[PDB]
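As structure tokens, one chain now follows by itself in the form deposited in one PDB entry.
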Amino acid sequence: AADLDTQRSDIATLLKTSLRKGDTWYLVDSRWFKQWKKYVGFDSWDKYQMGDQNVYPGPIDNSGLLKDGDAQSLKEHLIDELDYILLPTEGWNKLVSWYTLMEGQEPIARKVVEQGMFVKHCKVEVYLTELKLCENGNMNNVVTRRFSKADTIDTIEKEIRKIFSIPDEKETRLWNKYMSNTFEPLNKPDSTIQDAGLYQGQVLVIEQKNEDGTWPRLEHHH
């Protein structure tokens, strides 16, 4: 492995790597990373545990971030810095080279996306956004799907049409239940879900044009 000063330097640099759309970053459990920091003297006033066997971090172990099962999905409600830290490919690869990845484990890879409402900045998308999808007139039958903040309304509407078996020849109009209250039109297909203000649990309602050319009234209840 690289020496402790090289590790501290290399990783300090890589933690600050510019976020660029489409790049892949990797989660590292903060518990493992905290031991690594002690071991290499990262942000250390007195270097008291630097190089000490007692804080050698061992193989990278992200098991604490994962739910049970073979698929190994990420636990929900994890917080950046507190529960995990993020490194770019080169940083992840260096840690693996120096410490190994715990045998049997897979890396936890996430993508950088442009985020924000119209005004954009890059962010590693650790969690996708779940939207509730339904058909006008049968709003009781809700199907949930997860989408990226950078997915467009066109992309979402196409998925809704697939789910509810709406044929290509049928025209649709998609609506947001804004404040879980008013129907508001999703009539701009190139907006991303965040441009359009759609967040976790948002209810979207699709309607199909009638054969006679008219559009169905929207479903309302007490």
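Start at 1 and count along the sequence shown; that's the residue number.
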Quick one: across the other PDB entries of this protein we compared, is residue 195 left without coordinates in at least a third of them?
no
If we scan the other compared entries, does residue 97 go without coordinates in at least a third?
no
Read off the CA B-factors in the entry, average them over 174 to 182 and over 62 to 70, and name the higher stretch.
62 to 70
Quick one: say whether 121 to 129 or 139 to 147 has the higher mean Cα B-factor in the deposited entry.
139 to 147
Select one of 168, 29, 43, 195: the residue whose C-alpha shows the highest B-factor in the crystal structure entry.
168
Chain-relative C-alpha B factor for residue 87 (record values, thirds): the lowest
Residue 219: CA temperature factor from the record, placed by chain third, in the highest
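Here the subject shifts to the form deposited in another entry, a form of this protein not shown in this document.
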Looking at the motion between this form and the one not shown, is residue 129 on the same rigid part as residue 100?
no
